[PDB]
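Engineer: below: the sequence, then the experimentally determined structure.
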Amino acid sequence: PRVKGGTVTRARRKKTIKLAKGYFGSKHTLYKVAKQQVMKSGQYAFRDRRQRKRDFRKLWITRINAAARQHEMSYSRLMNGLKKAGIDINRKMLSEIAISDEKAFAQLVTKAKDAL
Amino acid sequence: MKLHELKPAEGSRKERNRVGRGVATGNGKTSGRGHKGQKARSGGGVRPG
Amino acid sequence: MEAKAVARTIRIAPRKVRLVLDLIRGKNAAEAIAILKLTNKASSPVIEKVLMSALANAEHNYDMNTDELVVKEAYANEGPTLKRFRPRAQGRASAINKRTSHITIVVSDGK
Amino acid sequence: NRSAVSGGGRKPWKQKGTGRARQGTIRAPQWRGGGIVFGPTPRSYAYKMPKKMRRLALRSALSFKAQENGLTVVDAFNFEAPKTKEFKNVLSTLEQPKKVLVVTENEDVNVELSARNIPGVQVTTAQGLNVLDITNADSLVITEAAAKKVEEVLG
Amino acid sequence: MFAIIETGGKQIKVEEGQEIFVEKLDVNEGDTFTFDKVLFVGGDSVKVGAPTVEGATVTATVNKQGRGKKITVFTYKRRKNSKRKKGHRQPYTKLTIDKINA
Amino acid sequence: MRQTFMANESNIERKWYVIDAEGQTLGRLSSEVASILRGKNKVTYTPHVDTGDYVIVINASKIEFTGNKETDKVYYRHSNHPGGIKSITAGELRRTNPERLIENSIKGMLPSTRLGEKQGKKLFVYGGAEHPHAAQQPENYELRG
Amino acid sequence: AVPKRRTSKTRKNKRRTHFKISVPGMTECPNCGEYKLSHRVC
RNA sequence: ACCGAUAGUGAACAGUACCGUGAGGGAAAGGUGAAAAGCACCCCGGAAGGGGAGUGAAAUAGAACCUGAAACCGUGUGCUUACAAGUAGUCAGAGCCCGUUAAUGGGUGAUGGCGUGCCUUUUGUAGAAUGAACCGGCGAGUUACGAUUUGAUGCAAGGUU
RNA sequence: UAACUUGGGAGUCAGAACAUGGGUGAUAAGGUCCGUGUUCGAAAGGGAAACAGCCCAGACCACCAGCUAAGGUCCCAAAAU
RNA sequence: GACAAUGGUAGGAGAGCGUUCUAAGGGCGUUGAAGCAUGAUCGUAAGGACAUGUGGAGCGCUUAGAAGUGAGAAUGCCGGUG
Ligand SMILES: [Mg+2]
Ligand SMILES: [Mg+2]
Ligand SMILES: [Mg+2]
Ligand SMILES: [Mg+2]
Ligand SMILES: [Mg+2]
Ligand SMILES: [Mg+2]
Ligand SMILES: [Mg+2]
Ligand SMILES: [Mg+2]
Ligand SMILES: [Mg+2]
Ligand SMILES: [Mg+2]
Ligand SMILES: [Mg+2]
Ligand SMILES: [Mg+2]
Ligand SMILES: [Mg+2]
Ligand SMILES: [Mg+2]
Ligand SMILES: [Mg+2]
Ligand SMILES: [Mg+2]
Ligand SMILES: [Mg+2]
Ligand SMILES: [Mg+2]
Ligand SMILES: [Mg+2]
Ligand SMILES: [Mg+2]
Ligand SMILES: [Mg+2]
Ligand SMILES: [Mg+2]
Ligand SMILES: [Mg+2]
Ligand SMILES: [Mg+2]
Ligand SMILES: [Mg+2]
Ligand SMILES: [Mg+2]
Ligand SMILES: [Mg+2]
Ligand SMILES: [Mg+2]
Ligand SMILES: [Mg+2]
Ligand SMILES: [Mg+2]
Ligand SMILES: [Mg+2]
Ligand SMILES: [Mg+2]
Ligand SMILES: [Mg+2]
Ligand SMILES: [Mg+2]
Ligand SMILES: [Mg+2]
Ligand SMILES: [Mg+2]
Ligand SMILES: [Mg+2]
Ligand SMILES: [Mg+2]
Ligand SMILES: [Mg+2]
Ligand SMILES: [Mg+2]
Ligand SMILES: [Mg+2]
Ligand SMILES: [Mg+2]
Ligand SMILES: [Zn+2]
């Protein structure tokens, strides 16, 4: 029996084109360049799911450094003092406390200074 | 058994390998022949011995 | 509240037709007629006939007053292309496309 | 294939200098209207199995029928003239399912003619028994003489 | 008032009545869960754990056990005919904080 | 995407500072001012919005170099015409346009993005002791060092 | 001599930004109640 | 357990059209509707073509007639864009507009981080090495007879025609 | 924690840099030919501005958790003016 | 339940997805099949549903069988259109 090409080709290519939605010009229209961009999009997304954790740790550290300098202390000194005092609050929570409850962050800084 | 419930004996049948049908099979493109040389060609390869 | 007229397979290229349709789109009916009469382009008499046909449909089929009508829609779609050839030098032949347009005019009273 | 397609003897255009892909005949497989690469070619699909295996298959089908209470033995068939309605009445009285295989000792023409128009009913002889027929049937209606012959030959 | 709790290898800042999404907990929807790793309690009175605040618990109610949005993990190596596509749906437990116990 | 605060234009509060360049080293003052301009001194620092503060520098003519930078440090520019390279020494630039000297130092410490350009526009430099921005009520800022 | 790359739809339409005609300079004719080109006679 | 209009004969309507001095080469091209009931009549128009009105279950089934994909060409506009340097995405993210197979929703997107297409061939290619204008269809380990090996099954000093 | 034997199935026979023991060249070459090891090839990630072959280190998937390696902590640009 | 492993080209091994046809069984369809279009749906992947619109007469599912069985590249062939 003969198997014609049929509809599977169109269905698969349409899936790729739909994934390419919002891309510039031919990249949301033509299957070949859409497929190339979607492959790149996957590779980028994998890499960036990794890099985003570093990015947000970087942001938290920057904010903690600013708060510590407000309390006359460097980030490195503050973190060493917290470690010596046995406080395991991570950098996300530390930055969020420094933003929200300034008095609680001041208490944490005082404990860090005491441990040193 | 029944004609709507046929079953070959276990291990008696294996699907044939189809080369040249995409990368994911592991036999796409070069279809297991490697790259170039006499043995990559259609009809290629020296006589046995 | 709207009336339509279409001239299909007009032997003028859609780019050329759209040049004039862009002048008349959205204007009042009398202003569009004057623009078409005084526009020095090949498509102008053809578009004018389409617009007159639309206004006649508005008056005769839908009991519309022709003085209060606006060109709500005016567009040219691509029709089938006549494929031709031109002999060039060294025995070669170069393609010639004699394109066509479907011209649509829709007039409206605004209701 | 490319040899069998009509025409296509000459080279379409010179090997070099035209700027086109090189081609050798308008009937090549990548050409529209070209030859087919491989594809079907006439051949028989039949193959053989050892005779002992054939007999074991026949016995397996008959024993599957005897199990599952799908076998019934009639005393005799008394059809002197072919009468489809009377055979249908006989099947209804025997309380048989739709798919029945009727087995006679030899070629019984009146039984065959009576039964051959009812959908799902098939008639064979003792020597004609085969795995496809038996397995397809839900019930076997066999005469005593046919059953004795089947026992005699399949042992 | 707020608390810093440690669950699912991470830390969450919570207040009463807040919905939180955490790594899948061994519990059914509608049940009561208790977070016993309280690192810090803010608000009117500040308790600073070292590492945990002894006796501090946060009670919560399990609203939902679900799976996160589908992520298509796709990678490839150019010119090597090598690529891999996998699907992932990360399980999560959604809770609502009921009360913070200092 | 749990809980990290993000600053936006609705909750950003930018202050006005005044910094004296008298007897300060060009690069050290510049790095500190660049930090303030980018908002790195704020707990609410957010990289995709400008959370920094405005900075006025009020004694640019008294900025100081170490070593032999007055005659030996050379600023080069190119007009994009062949052989259109021009140069001026740091000392000559302090003598002629000290505001440009300090401004270019700080902007060279700022990033070269659209946001970085806007943040650099937040900088106002004046050669002499007076500045025209009393209406913004700038507050004296002491360099950390 | 020849285009190195095909022109995108975006680039083509950007180029055609100014490729258009203008409505002609026309004024009303008093007696006939119609329009004509300014400085032209019926 | 052959094809179904690029398939199957080259040819479903042709050894024709067309090409060549000649031998010779050699296409493209199927489908209204159940029934022609194939649009009386009115209106704009020289006509072509339309708008009504009618026929029809349906006319965006009106003959270039079943279905009507993509490239490509237009009309309208919800968000956005005229200080900006770019493989066009991705991760973060306000603002504005919507509201779903109800899902820790949809569209758009100021601004920040990261980021030199794909294939082939190469020691090594963003490569200024190859190939592709785009879209669609078609387009490459097959079958027969032998050999060998493994799995399965039957029988076994026998097995098999 | 392999090793060997017997059978089925291969691909490979253009290699490259770095370090080191040598020939050749000129104690020339990103040269060439051998020995030894690593990496690339077929390896992404961090560092060396960018930079297959150098340094750290081998990506099953998800996380807006933590500790480190090489390399770093004035600003660009995380961390010591 | 507690331990271990899971970068990868040539290449070896395994398990599967989907297409057309056939057999048997069981079903859907003018109260609207296939096809086409859209969607914020589901599965670890190939891919599978559902709803709406279009369409107007065929088509799924289960098990097994058989292949003209999967295209993005061949200065590929034909057609259409830039
Ligand atoms: Mg068929
Ligand atoms: Mg195909
Ligand atoms: Mg990490
Ligand atoms: Mg392989
Ligand atoms: Mg390939
Ligand atoms: Mg090759
Ligand atoms: Mg080779
Ligand atoms: Mg080889
Ligand atoms: Mg050959
Ligand atoms: Mg001539
Ligand atoms: Mg031939
Ligand atoms: Mg067709
Ligand atoms: Mg044909
Ligand atoms: Mg229709
Ligand atoms: Mg049609
Ligand atoms: Mg602007
Ligand atoms: Mg500027
Ligand atoms: Mg970049
Ligand atoms: Mg080379
Ligand atoms: Mg180039
Ligand atoms: Mg070549
Ligand atoms: Mg090319
Ligand atoms: Mg193509
Ligand atoms: Mg072979
Ligand atoms: Mg060398
Ligand atoms: Mg050397
Ligand atoms: Mg060596
Ligand atoms: Mg190689
Ligand atoms: Mg690497
Ligand atoms: Mg290795
Ligand atoms: Mg270097
Ligand atoms: Mg780098
Ligand atoms: Mg690499
Ligand atoms: Mg550390
Ligand atoms: Mg820093
Ligand atoms: Mg690994
Ligand atoms: Mg692997
Ligand atoms: Mg294999
Ligand atoms: Mg398989
Ligand atoms: Mg399958
Ligand atoms: Mg095929
Ligand atoms: Mg091609
Ligand atoms: Zn007049």
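Structural biologist: Sure, I can see it. Numbers count the residues shown, from 1 in each chain, chains lettered A, B, ... in the order given. Ligands and ions are numbered 1, 2, ... in the order given.

Engineer: from now on I want contacts and neighbour counts done on CA atoms only, so please keep to that.
Structural biologist: Fine.

Engineer: residue A:105: which element?
Structural biologist: helix A:102-115 (DSSP states H and E).

Engineer: same thing with residue D:61?
Structural biologist: Here residue D:61 is assigned to helix D:51-66, by DSSP H and E.

Engineer: is RNA strand J contacted by that helix?
Structural biologist: No - judged by CA under 7 Å from any atom of the strand, helix D:51-66 stays clear of RNA strand J, getting no closer than 14.4 Å.

Engineer: what sits closest to the residue most central in space within chain F if chain neighbours are left out?
Structural biologist: Geometric centre of chain F, nearest residue: residue F:106, 3.6 Å, by CA atoms, centre = their mean. Excluding its sequence neighbours, the residue lying closest to residue F:106 (CA to CA, 6 or more residues apart in numbering or on different chains) is residue F:30, at 5.0 Å.

Engineer: from residue F:101, how far off is the closest residue to residue F:79 other than its chain neighbours?
Structural biologist: Using CA to CA, 6+ apart and skipping the chain neighbours, the partner closest in space to residue F:79 is residue F:85 (6.6 Å). Noted for residue F:85: a distance of 18 Å to residue F:101, by CA to CA, to the nearest Å.

Engineer: who's more crowded, the two?
Structural biologist: Higher neighbour count among residue F:85 and residue F:101: residue F:101, with 22 against 11, using other CA atoms under 10 Å in any protein chain shown.

Engineer: any part of the helix or strand harbouring the more buried one near RNA strand I?
Structural biologist: Per DSSP H and E, residue F:101 falls inside helix F:98-109. Yes - for helix F:98-109, a contact with RNA strand I is found by CA under 7 Å from any atom of the strand, at F:108-109.

Engineer: in that helix, which residues are buried?
Structural biologist: F:98-103, F:105-107, F:109 (16 or more other CA atoms under 10 Å in any protein chain shown).

Engineer: by how many degrees do the following helix or strand past it and helix F:98-109 diverge?
Structural biologist: As assigned by DSSP H and E, the chain's next helix or strand after helix F:98-109 is helix F:114-121. Relative orientation of helix F:114-121 versus helix F:98-109 (axes from the mean of the first three to the mean of the last three CA atoms, to 10 degrees): 150 degrees.

Engineer: list the contacts of helix F:114-121.
Structural biologist: F:37-38, F:48-50, F:52, F:106-107, F:110-111 (CA atoms under 8 Å, 6 or more residues apart in numbering or on different chains).

Engineer: same thing with stretch E:10-21?
Structural biologist: So stretch E:10-21 is in contact with A:89-90, A:93, E:1-6, E:92-100, F:3, going by CA under 8 Å, 6+ apart.

Engineer: thinking again about what came up before, hmm, the helix holding residue A:105 touching chain E?
Structural biologist: Yes - against chain E, helix A:102-115 shows contacts by CA under 8 Å from any CA of the partner chain at A:104, A:108.

Engineer: just to revisit the earlier point, how about the helix holding residue D:61 as PDB, C-alpha atoms only?
Structural biologist: What follows is helix D:51-66, C-alpha atoms only, in PDB (Å, rounded to 0.1, in the frame of the first residue of the first chain):
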ATOM      1  CA  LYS D  51       3.200 -30.700   9.300                       C
ATOM      2  CA  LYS D  52       3.300 -31.700  13.000                       C
ATOM      3  CA  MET D  53       2.900 -28.000  13.800                       C
ATOM      4  CA  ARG D  54      -0.100 -27.700  11.400                       C
ATOM      5  CA  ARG D  55      -1.700 -30.700  13.200                       C
ATOM      6  CA  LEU D  56      -1.000 -29.200  16.600                       C
ATOM      7  CA  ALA D  57      -2.700 -25.900  15.400                       C
ATOM      8  CA  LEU D  58      -5.800 -27.800  14.300                       C
ATOM      9  CA  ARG D  59      -6.000 -29.700  17.600                       C
ATOM     10  CA  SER D  60      -5.500 -26.400  19.500                       C
ATOM     11  CA  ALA D  61      -8.300 -24.700  17.700                       C
ATOM     12  CA  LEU D  62     -10.600 -27.700  18.200                       C
ATOM     13  CA  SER D  63      -9.700 -28.100  21.800                       C
ATOM     14  CA  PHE D  64     -10.300 -24.400  22.500                       C
ATOM     15  CA  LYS D  65     -13.800 -24.900  20.900                       C
ATOM     16  CA  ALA D  66     -14.400 -28.000  23.100                       C
END
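
Engineer: and the helix or strand following that helix, anywhere near chain B?
Structural biologist: Downstream of helix D:51-66, the next assigned helix or strand under DSSP H and E is strand D:71-74. No - Strand D:71-74 does not reach chain B (CA under 8 Å from any CA); its nearest approach is 14.9 Å.

Engineer: packing partners for strand D:71-74?
Structural biologist: strand D:139-143, helix D:144-154 (3 or more CA pairs under 8 Å, 6 or more residues apart in numbering or on different chains; DSSP states H and E).

Engineer: let's go with 10 Å and repeat that
Structural biologist: helix D:51-66, strand D:100-104, strand D:139-143, helix D:144-154 (3 or more CA pairs under 10 Å, 6 or more residues apart in numbering or on different chains; DSSP states H and E).

Engineer: relative to strand D:100-104, how tilted is the third one?
Structural biologist: Okay, so that is strand D:139-143. Relative orientation of strand D:139-143 versus strand D:100-104 (the same axes, to 10 degrees): 20 degrees.

Engineer: check the longest one too.
Structural biologist: In terms of direction (the same axes, to 10 degrees), helix D:51-66 departs from strand D:100-104 by 120 degrees.

Engineer: show me what counts as buried in helix D:51-66.
Structural biologist: Result for helix D:51-66 [16+ other CA under 10 Å]: buried residues D:55, D:58-59, D:61-62, D:64-65.

Engineer: just give me the neighbour total for whichever residue of chain B sits closest to chain F.
Structural biologist: Distances between chain B and chain F by CA to the nearest CA are smallest at residue B:24, namely 34.8 Å. Applying other CA under 10 Å, we find 11 other residues in the vicinity of residue B:24.

Engineer: contacting residues around it?
Structural biologist: E:81-84 (CA atoms under 10 Å, 6 or more residues apart in numbering or on different chains).

Engineer: filter those residues down to the ones near chain B?
Structural biologist: Near chain B, judged by CA under 10 Å from any CA of the partner chain, the entries from the contacts of residue B:24 are E:81-84.

Engineer: and the residues you listed, which two are furthest apart?
Structural biologist: Farthest-apart pair in those is E:81 and E:84; separation 10.3 Å (CA to CA).

Engineer: more neighbours, the two?
Structural biologist: Neighbour count, other CA under 10 Å: between residue E:81 and residue E:84, residue E:81 has more, with 13 against 10.

Engineer: give me the neighbour count for the residue nearest to the more buried one when sequence neighbours are not counted.
Structural biologist: Of all residues not flanking residue E:81 in the chain, residue B:23 sits nearest, at 6.0 Å (CA to CA, 6+ apart). Here the number of neighbours of residue B:23 (other CA under 10 Å) works out to 16.

Engineer: residue E:79 too?
Structural biologist: Residue E:79, neighbours per other CA under 10 Å, totals 6.

Engineer: next one: residue D:75
Structural biologist: 9.

Engineer: wait, what's in contact with it?
Structural biologist: Residue D:75 neighbours (CA under 10 Å, 6+ apart): D:142-145.
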